[PDB]
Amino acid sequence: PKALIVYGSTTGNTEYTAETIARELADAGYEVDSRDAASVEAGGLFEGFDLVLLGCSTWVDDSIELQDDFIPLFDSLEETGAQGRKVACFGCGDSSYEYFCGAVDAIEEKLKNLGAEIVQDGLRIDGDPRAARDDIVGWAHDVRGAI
């Protein structure tokens, strides 16, 4: 199976998380393409992929709390080929904030409105993901199991 991982990361946490999930899928036999949201184009981005994993960090804001590189993709999610696509989301944040990993909720709800199939509840990491390595790996393992 071919998996697409797209992440938006400012300080590297969600990017480390994306790389960790990418290895777990690769060791399990998937063909994985991992991309920074700052370099992709929304149009047909999901075409040909069996599984798509989207991730991003949350930044307190009055209009949109998604990490900046991910906003253009998020605003054009309806052109990516999300209907009937198997997808799962993940993101890093901090539980000291009211909207803890609120970007994950935002992305899940819009993929659900576009007809995607959410295969697992989202991975929400509090603090340094290097300390949650077990949780990332375990989540990646359960996502493969739902495909």
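Numbers follow the displayed sequence, beginning with 1.
*Asks:* So 16-24 or 128-136, which one's hotter by mean CA B-factor in the entry?
*Replies:* Stretch with the higher mean C-alpha B-factor: 128-136.
*Asks:* Mind pulling up the entry and telling me whether 46-54 or 94-102 has the higher mean Cα temperature factor?
*Replies:* Comparing averages over the C-alpha atoms only gives 94-102.
*Asks:* Highest Cα temperature factor in the entry, among the options 69, 117, 79, 65: which one is it?
*Replies:* Within the set 69, 117, 79, 65, 65 shows the top C-alpha B-factor.
*Asks:* Rank-wise, by C-alpha B-factor, drop residue 111 into the lowest, middle or highest third of its chain.
*Replies:* Middle third, going by the recorded CA B-factors of the chain.
*Asks:* Lowest, middle or highest third: where is residue 38 by C-alpha B factor in its chain?
*Replies:* For residue 38, whose C-alpha B-factor we compare with every modelled residue in the chain, the answer is the middle third.
*Asks:* Taking the values exactly as deposited, rank residue 4 by C-alpha B-factor within its chain and report the matching third: lowest, middle or highest.
*Replies:* According to the entry, residue 4 has a C-alpha B-factor in the chain's lowest third.
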